[PDB]
Structures are given as C-alpha cells and as structure tokens.
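Visitor: Here it is: the structure, laid out below.
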Amino acid sequence: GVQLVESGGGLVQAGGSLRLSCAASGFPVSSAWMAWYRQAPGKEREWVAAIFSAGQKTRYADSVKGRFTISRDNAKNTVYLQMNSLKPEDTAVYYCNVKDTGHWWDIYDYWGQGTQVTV
Amino acid sequence: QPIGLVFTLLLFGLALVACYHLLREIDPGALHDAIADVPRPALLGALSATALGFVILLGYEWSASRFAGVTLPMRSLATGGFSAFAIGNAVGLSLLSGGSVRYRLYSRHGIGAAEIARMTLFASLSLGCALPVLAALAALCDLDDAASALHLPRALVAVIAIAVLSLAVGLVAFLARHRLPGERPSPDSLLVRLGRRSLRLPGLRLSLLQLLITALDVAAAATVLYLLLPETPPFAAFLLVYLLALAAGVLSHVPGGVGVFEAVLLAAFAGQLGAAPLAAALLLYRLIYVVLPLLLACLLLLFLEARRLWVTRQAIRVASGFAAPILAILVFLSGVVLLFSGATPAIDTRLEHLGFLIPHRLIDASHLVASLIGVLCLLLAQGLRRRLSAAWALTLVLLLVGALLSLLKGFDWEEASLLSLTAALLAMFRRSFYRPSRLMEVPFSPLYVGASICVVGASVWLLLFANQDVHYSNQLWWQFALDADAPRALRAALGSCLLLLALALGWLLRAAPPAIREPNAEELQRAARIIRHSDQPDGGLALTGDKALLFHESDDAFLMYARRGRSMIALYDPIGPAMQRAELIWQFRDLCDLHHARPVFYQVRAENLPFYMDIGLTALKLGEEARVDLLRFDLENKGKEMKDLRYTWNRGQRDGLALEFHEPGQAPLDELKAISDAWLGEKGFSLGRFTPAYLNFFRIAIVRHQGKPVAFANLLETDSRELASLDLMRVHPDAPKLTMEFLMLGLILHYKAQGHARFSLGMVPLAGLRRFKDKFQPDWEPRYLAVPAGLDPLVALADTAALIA
C-alpha cells in the first residue's frame with residue numbers, strides 16, 4: 001500500500017531552473033534509500049541523483065555532479081530535486097525510485113509515474 | 001577416532017585464537033596494500049619455485065619407486081607423483097589421500113598393493129626423518145640468529161641441535177641399523193634388518209639421495225616463501241622456522257596444516273618483520289603452493305578420465321574413477337569459497353553499481369541464501385564421493401543457484417565464474433554417480449562434521465578480522481542497509497551456524513539401524529532363486545542359513561556376511577549381475593559404517609577389485625582357485641599326469657565303484673550322515689553343515705563300493721549352465737584312495753557331458769597341499785581378501801579363522 005506521486009510541471013527551461021517533488025506515503029522517508037532516474041526518448045535508462053540516509057549521503061550522476069542539488073524534507077514528506085542550467089540531454093521523463101525502506105520484508109522496487117521534463 | 005577429532009578441533013581453534021591475537025594490529029586495508037605491493041617478478045619467481053619443487057617431488061616418487069622395486073614408465077610415474085603430492089598436501093585424508101590416489105593409479109597400471117603401501121610409508125617416513133636433520137643443520141649453521149628468532153639462548157639451541165644430530169647419526173644410521181645389517185636385500189637398494197619383524201629400510205646410497213631430494217624440496221618451499229616476502233631474515237633462520245612450522249602443521253593432522261603453520265610463522269617473525277608484509281606473503285604462498293597445485297591436479301585427473309576412459313567406448317559401469325572423489329573436493333572448495341566470500345564486504349564500486357539496479361533487501365536475502373547454499377554444498381560434498389545420483393542433482397542445482405546469487409550479491413566475477421566452471425565440470429561427469437540411495441540415510445563420520453565446524457570457525461574468524469572497522473552493537477542484527485556490510489556478514493554467519501547445527505543434531509539423533517538377524521525361509525527361497533538365475537555356483541553357501549543376507553532392493557542380488565567382533569566379514573563377491581554388484585558393495589559399506597564396523601571381504605574375484613578399491617578396501621591376495629576347463633578335456637590326449645588319471649578311471653570301473661547321481665532332496669540320508677560321521681571320526685561359513693534341508697536344496701551324488709554307499713559330495717549348478725562347483729566332500733575312511741580321484745573325475749566327466757564349459761575344483765591357500773588339485777591340470781586364478789584403508793590384515797585373518805569354526 002505504498003505510493004509515489006510526482007509533480008514537476010516542466011515544459012521549457014532554456015537554461016533556467018525548475019523543481020520536482022516526489023510524494024511518499026508508506027515509508028517515513030527518513031531511513032529509506034531513494035533516488036531519481038531518467039528515461040530519454042528512445043534511449044536506455046540512466047540515473048541522476050540519490051539520497052542514502054538521514055539526508056547526509058547524496059551521490060550525483062556523472063553529468064550533474066554540480067549542476068543539481070537534491071534534498072530531503074527529513075520527515076514523512078516529499079523529497080525535492082531541482083532543475084538547473086540548460087541540459088539538452090535532460091529532455092526526458094524523470095522517475096522516482098525507492099529501493100529500501102525501514103521494512104526488512106520489502107523486496108519490491110517501487111517506481112513513480114514520471115514527469116515530462118523538456119527545455 | 002573421536003578423541004583425535006576432538007584434539008584436532010581444539011588445536012585448530014587454539015591456532016585461530018592465537019592467529020587473531022598476532023594480527024590484532026593490522027587493518028584489512030593494510031593487508032590489501034601489502035598484497036598489492038608484491039611485484040610481478042616476485043610472482044614469476046614464486047611460480048618458478050613451485051615448478052622446481054614439483055620436479056623435486058617427481059624425484060621423491062621416482063626414488064620411492066626405486067626403493068619399492070616397482071618398475072613404472074616415466075610418464076606414469078611422473079603423473080602419479082604430481083597427483084599424489086598435490087592431493088595429499090592440500091587435504092589430509094579428509095576426502096582423498098595420497099595413498100588412495102596412488103593406489104587407484106598403480107593398481108590400474110597392474111601393481112600389487114603391498115608395494116604401493118611400502119612406497120607411501122617410505123615417502124612419509126623420509127619426509128618425517130628429513131625434517132629434523134635439516135632443522136638441526138640450519139641451527140648449526142646460523143644459531144646466532146636462530147637464538148633470536150626462536151627466543152631461546154643460543155647455548156640451548158646449539159646443544160639440542162648437536163644432540164639431535166648425534167642421536168640420528170648414531171642410532172638412526174649405525175648403532176641400531178649397522179649393528180644388525182642383515183644377510184641380503186630383496187630389491188636393488190634395501191637392507192632388511194633384524195627385530196620383532198623384518199624392516200625395509202634403504203641402503204646408504206638411497207638414503208643419501210633421499211636426504212638430498214628432501215633438502216632440495218624444503219629449500220624450494222622456503223625459497224618461494226622467502227622471495228614472496230620483501231623484508232627477509234637470513235635464509236638459515238628462515239628455513240629453520242619454516243621446517244618447524246611444517247612439522248607442527250603436519251603433526252596436528254589438520255588438512256594442509258593451515259591453522260598451525262601460519263600461527264608459527266606469525267609468532268616467530270612478528271616483531272622482527274612487518275605484520276602486513278608477512279601476512280600477505282603467507283597468504284600468497286599458501287595460495288600459490290597449495291591451492292593452485294590442487295586445482296591443476298584435479299583438472300589433470302579429470303582430463304585423464306575424460307580422454308582415457310570416455311573417448312574409448314568402454315560401455316561399462318563407471319566406478320573406481322577419479323570423477324567422484326575429485327568432484328567432491330571441487331565441491332568442498334566451492335562451498336568454502338562461498339562461505340569465505342560471505343564474510344568479506346563487497347567491493348565498494350561494484351556494490352554501489354549493483355545497488356543502483358537491484359533492490360537492497362534482495363541483496364541481503366541473496367547474501368544470506370548464498371551463505372546457506374555454501375554450507376549445503378560443503379555438506380553435500382560427502383554425498384558426491386559416495387556416488388549418489390540425488391546428491392549429484394542437488395549439488396549441481398545448488399551450484400547454479402549459488403552462482404546466480406553471487407551475481408545478485410555484490411558483483412563477483414570470481415565466485416560466479418568458479419562455481420559455473422565447477423557446475424559444468426560436475427555435469428559433464430553424470431555417469432560416475434549411479435546409486436539411487438537417499439541422502440538422509442547417508443552415514444556421516446565425525447571427520448566431515450569436524451571439517452564443517454573448522455570451515456565455519458574459519459569463516460567467523462574472517463568475519464571478525466575483515467569487519468573490524470564497524471563497532472559491535474545489538475542493533476547491528478536489526479540493521480538493514482546497502483552500505484552496511486557488517487550486519488550482512490553477521491546474519492550470514494548466524495544463519496550458517498544455525499543450519500549446520502540443526503543438520504548435525506538431526507543426523508546425530510537418528511535411530512540406530514536394526515541388528516543382524518538370521519534369514520528366514522522366505523529369504524532362503526529368494527536367495528535360492530537368485531542363485532539359480534545367476535551364474536556363480538559359489539553363492540550356494542548362502543542356503544546353509546548361517547550367514548546374514550543383504551538383498552538388493554531392485555530385483556535380484558544378495559551378499560552373505562557374518563559379524564565377528566567389530567568386523568563384518570563377508571563371503572564371495574555379491575551374487576547377481578555386474579550392474580547391481582557395485583551397488584550392493586556400496587550398500588554393504590554403508591551398512592558397516594552405520595554399525596561402526598570394519599568391512600572385510602573374503603575370496604574376492606579379480607574382476608571386481610575396482611569397486612573394492614573405490615569404496616576404500618585394500619587388495620590382499622591370500623589363495624589360488626583351481627578351475628578345470630571342461631571345454632576340451634579330451635580323453636585321448638594324455639601326458640604324465642593325464643595317463644594316471646585314466647588309469648584311475650579304468651581301475652575304478654573294473655573294481656566296481658559305479659557312481660550314481662540323485663535329484664535334490666531325493667537321496668538316502670541315514671547312510672549319508674553315517675558317512676559324514678565316519679569322515680569326521682561342526683564348521684561353517686566356508687563349507688556348510690549336514691542339514692537335510694541344506695543338502696535337499698542341491699543335487700547329491702553318491703558313489704557305491706560293491707553296492708554300499710561309501711562317499712558323496714554336494715553339487716552346485718546354475719540355470720545358465722556356465723560353471724559348476726563342488727560344495728563339500730566326504731569319503732568313508734574304509735574306502736581306498738582310488739575313491740576320491742574317481743569321484744572327482746566322474747563328476748568332471750558328467751559335467752562335461754552335460755555341456756558345462758567350466759568346472760571349479762575349489763580354492764587352495766597360498767603358502768604341502770595343491771599336489772592333488774594340480775593333477776587335473778586346471779586353470780588357476782588369484783583370489784583376494786579385501787581389508788579397509790590398508791589396516792592390519794592379521795586381525796582380519798585371525799577373526800576369519802576364529803569364525804570359520
């Protein structure tokens with residue numbers, strides 16, 4: 001009974017900035033490994049960033065090491081990933097991936113519907 | 001055995017505890033840096049030193065064979081030496097021993113077992129006597145450093161070394177050997193000496209050559225250890241320490257001496273050297289000189305079976321091969337490798353790359369199940385060596401699943417690969433495992449459970465050492481995270497321990513098998529039917545109702561045996577088809593193990609020796625069986641011996657000694673028992689007794705002297721009409737000497753006329769008899785008595801003699 005809800009609302013950036021939010025219900029989003037991915041149109045699957053635990057460890061992708069700066073609300077709320085300067089390769093959909101929770105019986109990988117992000 | 005197992009386990013535990021104390025001041029990163037700091041030229045020199053040591057071992061064997069007297073081709077001798085020394089060094093009598101592999105090679109090559117046992121004893125004693133003298137020589141050379149290395153004053157080391165050398169040169173060489181030199185040597189190089197028993201010790205030249213070869217071998221071993229290590233002491237003290245460590249490791253009976261050898265090295269060269277360089281050198285040396293040779297020997301043995309016994313369409317029951325006992329070793333290695341990989345944390349970059357694609361709880365579950373599968377394969381390694389089809393299938397499936405779970409776990413090219421290779425190798429040798437027996441009923445010696453306990457303790461030691469970065473807390477067990485690896489290893493170790501303890505308890509609380517019981521009428525009828533359908537009339541001794549029967553559970557086979565003391569002495573080879581003979585032998589061996597009784601056979605045909613070897617019995621010739629060929633036996637052709645035989649026939653026919661045949665259970669009995677009483681004026685397991693039903697089972701032939709019954713003998717026949725044998729013989733004392741020979745020849749003539757191809761005159765003991773048997777010019781075949789693990793045959797023969805009456 002866990003759900004992930006996104007809201008990014010991005011159409012055009014042209015070197016601007018935008019923010020994405022990933023709502024979460026089942027897990028406290030405090031000790032739950034969770035991240036974001038990318039699905040370019042006609043291309044394979046890549047990732048963007050991740051939050052490990054307690055809002056301390058946060059590893060980014062190769063192309064966005066300093067471009068993006070994601071953060072976690074630290075409570076049972078949504079996490080935030082924001083857009084930045086013009087990345088033409090960023091014209092893709094962005095999923096919200098959760099792979100670990102506080103439960104030790106949770107084996108499934110829950111995804112998000114995804115937001116169409118274009119510049 | 002239980003006392004030795006307990007002592008070995010205690011010593012291994014003490015060695016591990018001491019080792020953890022010595023490497024207390026090192027982190028895993030330092031050990032990794034020390035391992036990576038070894039240059040490529042050092043590795044090349046290590047490989048070259050190992051190759052030279054193996055050439056020297058080939059020499060070990062060549063000298064041993066020259067001592068025994070057995071002549072072998074150079075290629076066969078080299079293969080046997082390399083295989084035996086690689087297998088025996090890595091594992092000590094746990095799954096396969098050097099004696100077993102050299103037996104399985106040379107006996108196939110056609111060499112008696114006594115010589116092979118001599119070779120094994122000579123090699124072992126040569127190493128064990130060469131170690132102290134070389135140690136004393138190194139001490140005499142560099143006691144200045146030897147005193148510091150061993151932490152005793154130089155005076156004590158010097159005096160003990162001098163005393164050892166003097167005692168060796170006096171008693172070991174001359175006082176106890178040249179005071180009693182002996183009259184003559186049997187082989188070229190020997191000196192049999194007086195004592196309680198004659199002893200086979202080599203001559204002065206052979207002893208000097210063996211000492212030189214052993215010195216070169218230990219020099220090569222100390223050399224690979226020396227050059228794999230950057231900071232080194234002088235070679236003499238290092239060699240002394242290495243020899244002492246080798247003696248300590250091989251004296252503890254631990255397989256490979258892994259627990260104590262490393263402990264002695266780390267306790268002797270800790271302060272004067274670098275802990276990380278020393279540990280890296282020890283691990284690299286063990287891996288290069290023990291694990292890699294074992295892998296190479298295993299691959300060579302499987303290649304030999306895959307080419308010399310599979311390319312040629314033998315179309316025979318594949319037993320006594322090296323598939324089973326070597327695939328068991330490979331499976332045990334895979335299991336211990338999985339257990340060890342469970343404790344170590346995964347590679348950081350590989351773990352991150354994996355965890356960015358697979359759910360982390362799946363990673364934890366895969367880790368735990370992979371550890372459990374490793375323990376399961378380690379335990380199933382016993383089943384493979386006993387050639388169980390179910391064990392083969394289960395182990396293959398578990399290896400494939402373990403490779404999959406290693407890939408799912410922290411990405412491991414190594415384990416996955418190694419396992420897939422072992423699984424393919426096991427799959428290619430399906431035909432070796434044939435028994436349809438059940439795994440849950442497999443007997444388990446304390447040796448295998450002790451090995452499992454030792455491996456589990458090693459894995460927990462590796463867990464403690466590797467994951468010393470993370471502090472310990474009760475919350476670790478409940479911790480579940482991708483980056484956290486200490487909780488993973490803790491859970492895996494706990495689960496493996498729980499599973500192993502549960503399995504050990506379940507196999508220890510199993511109910512004892514029923515005791516042996518005398519067969520009933522229905523089983524006697526079954527045995528008679530099987531004998532009739534078979535072609536081994538020698539099996540008719542089962543009908544006396546004095547030997548327990550072990551019926552094969554498929555359709556038709558049985559094996560007679562009788563228990564005396566702690567030995568379950570059996571009769572001739574199991575009666576029935578060849579395909580069920582090996583299975584029945586394995587069943588008998590399993591039954592003896594459950595009862596904690598030593599399996600013993602008696603009068604074994606030469607054809608079945610491969611099975612007696614692969615279940616672990618040593619051949620020992622004890623007699624010869626005469627077999628008169630009825631194929632020709634022409635009455636016209638005569639010689640020195642044949643002329644007197646036909647003269648006997650003519651004299652008997654003229655005298656009126658006409659011989660009469662009778663159908664089973666249709667002969668007079670009172671006269672027969674009178675004849676038997678006269679002959680004896682009881683005994684079993686070799687001839688039988690005088691029972692109306694027992695004699696009723698077979699046909700009875702009686703010879704009449706002027707109309708009265710004077711002598712008779714029991715006749716053994718089969719429906720196949722291929723062979724005939726005589727059960728027991730009795731002649732009245734008042735009969736002339738002409739009676740026995742006439743009876744023999746009349747039976748021979750009747751069996752020839754009936755169309756039987758062969759006839760059996762019985763078995764004659766080896767070493768004043770056989771003069772009468774050879775009169776009929778028969779064909780003679782050897783008959784062997786099998787004993788387990790090359791134990792003392794004196795006890796077995798005494799027990800058989802006691803049971804014969």
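Residues in the structure tokens are named by chain (A, B, ... in the order shown) and by number from 1 within that chain; ligands are numbered from 1 in the order shown.
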Can you check which residues of segment 29-107 of chain A DSSP gives as strand (DSSP E) on the backbone and send them as a PyMOL selection string?

Guide: chain A and resi 34-39+45-51+71-72+79-82+92-94+96-98

Visitor: Write out as a ChimeraX atom specification which residues come within 8 Å of residue 799 of chain B when counting only C-alpha atoms, dropping same-chain ones fewer than 3 positions away.

Guide: /B:564-565,795-796,802-803

Visitor: Just the selected residues (C-alpha atoms), exported as a PDB file, in the first residue's frame, please.

Guide:
ATOM      1  CA  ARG B 564      32.550 -61.211  14.398  1.00  0.00           C
ATOM      2  CA  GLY B 565      33.685 -58.650  16.943  1.00  0.00           C
ATOM      3  CA  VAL B 795      43.386 -59.156  12.943  1.00  0.00           C
ATOM      4  CA  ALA B 796      41.120 -59.777   9.953  1.00  0.00           C
ATOM      5  CA  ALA B 802      38.017 -67.940  14.515  1.00  0.00           C
ATOM      6  CA  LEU B 803      34.661 -67.586  12.760  1.00  0.00           C
TER       7      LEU B 803
END

Visitor: Taking 6 positions as the minimum chain separation for residues in the same chain, which residues sit within 12 Å of segment 78-83 of chain A when counting only C-alpha atoms? Answer as a PyMOL selection string.

Guide: chain A and resi 3-30+32-37+48-51+55+58+60+64+66-72+90-91+94-98+117-119

Visitor: Measuring between only C-alpha atoms, which one of B:353, B:435, B:307, B:646 shows the shortest distance to chain A?

Guide: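 Smallest separation from chain A among the options: B:353.
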
Visitor: Give me the residues near residue 309 of chain B as a list in words, where near means some atom within 9 Å (using only C-alpha atoms) and where sequence neighbours in that chain fewer than 4 positions away do not count.

Guide: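 After dropping sequence-adjacent residues, the list is residues 304, 305, 313, 314, 318 and 321 of chain B.
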
Visitor: For chain B, work out the contacting residues on chain A at 8 Å, counting only C-alpha atoms, and write them as a compact mmCIF listing (two decimals) with C-alpha atoms, in the first residue's frame.

Guide:
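Result written to iface.txt:
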# COMPACT_ATOMS: atom_id res chain seq x y z
CA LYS A 99 14.67 0.59 -3.26
CA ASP A 100 14.99 0.44 0.53
CA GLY A 102 12.52 0.55 7.12
CA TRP A 104 13.09 -5.83 6.24
CA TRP A 105 10.45 -7.76 4.28
CA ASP A 106 10.16 -5.30 1.39
CA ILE A 107 11.83 -6.76 -1.70
CA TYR A 108 9.94 -4.90 -4.44
CA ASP A 109 11.28 -1.85 -6.28

Visitor: Would you list the contacts of residue 268 of chain B as an MDAnalysis selection string, taking every protein, DNA or RNA residue within 8 Å and counting only C-alpha atoms, but skipping same-chain residues closer than 2 positions in sequence?

Guide: chainID B and resid 149:150 241 264:266 270

Visitor: Go ahead and write the residues just picked, N, CA and C atoms, as an mmCIF file, in the first residue's frame.

Guide:
data_model
loop_
_atom_site.group_PDB
_atom_site.id
_atom_site.type_symbol
_atom_site.label_atom_id
_atom_site.label_comp_id
_atom_site.auth_asym_id
_atom_site.auth_seq_id
_atom_site.Cartn_x
_atom_site.Cartn_y
_atom_site.Cartn_z
ATOM 1 N N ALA B 149 65.528 -15.620 16.739
ATOM 2 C CA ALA B 149 64.254 -15.883 16.077
ATOM 3 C C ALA B 149 63.340 -16.725 16.958
ATOM 4 N N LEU B 150 63.886 -17.752 17.600
ATOM 5 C CA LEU B 150 63.090 -18.657 18.414
ATOM 6 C C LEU B 150 62.966 -18.212 19.861
ATOM 7 N N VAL B 241 62.736 -21.898 10.861
ATOM 8 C CA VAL B 241 61.370 -21.582 11.254
ATOM 9 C C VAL B 241 60.378 -22.271 10.336
ATOM 10 N N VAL B 264 52.675 -20.382 13.598
ATOM 11 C CA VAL B 264 54.092 -20.424 13.945
ATOM 12 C C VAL B 264 54.870 -19.356 13.187
ATOM 13 N N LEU B 265 54.587 -19.182 11.895
ATOM 14 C CA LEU B 265 55.266 -18.123 11.145
ATOM 15 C C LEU B 265 55.004 -16.750 11.756
ATOM 16 N N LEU B 266 53.749 -16.461 12.086
ATOM 17 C CA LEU B 266 53.406 -15.153 12.622
ATOM 18 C C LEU B 266 53.878 -14.975 14.053
ATOM 19 N N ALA B 270 57.215 -11.893 13.892
ATOM 20 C CA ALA B 270 56.279 -10.785 14.037
ATOM 21 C C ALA B 270 57.003 -9.474 14.317
#

Visitor: Please provide the set of residues having any atom within 8 Å of residue 645 of chain B, restricted to only C-alpha atoms, with same-chain residues fewer than 3 positions apart removed, written as a PDB file with C-alpha atoms, in the first residue's frame.

Guide:
ATOM      1  CA  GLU B 641      49.501 -86.675 -15.246  1.00  0.00           C
ATOM      2  CA  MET B 642      46.613 -87.483 -17.601  1.00  0.00           C
ATOM      3  CA  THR B 648      42.482 -94.433 -12.103  1.00  0.00           C
ATOM      4  CA  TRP B 649      39.238 -94.337 -14.091  1.00  0.00           C
ATOM      5  CA  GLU B 741      40.044 -89.275  -7.501  1.00  0.00           C
ATOM      6  CA  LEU B 745      36.825 -87.423 -12.444  1.00  0.00           C
ATOM      7  CA  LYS B 775      46.655 -83.458 -11.076  1.00  0.00           C
ATOM      8  CA  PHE B 776      43.610 -82.433 -13.139  1.00  0.00           C
TER       9      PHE B 776
END

Visitor: Which one is closest to residue 75 of chain A: A:1, A:54, A:115, A:43? Count only C-alpha atoms.

Guide: A:54

Visitor: Can you pull out every residue from segment 352-412 of chain B that DSSP, working from the backbone, puts in helix (DSSP H, G or I), and format the result as a PyMOL selection string?

Guide: chain B and resi 352-355+360-385+389-408

Visitor: Using only C-alpha atoms, which residues sit within 12 Å of segment 155-165 of chain B once same-chain residues fewer than 6 positions away are excluded, as a ChimeraX atom specification?

Guide: /B:129-149,171-173,237,240

Visitor: Please, what distance in Å, to one decimal, runs between atom CA of residue 392 of chain B and atom CA of residue 325 of chain B?

Guide: 12.4 Å

Visitor: If you measure from atom CA of residue 700 of chain B to atom CA of residue 749 of chain B, what distance in Å do you get, rounded to one decimal?

Guide: 15.8 Å
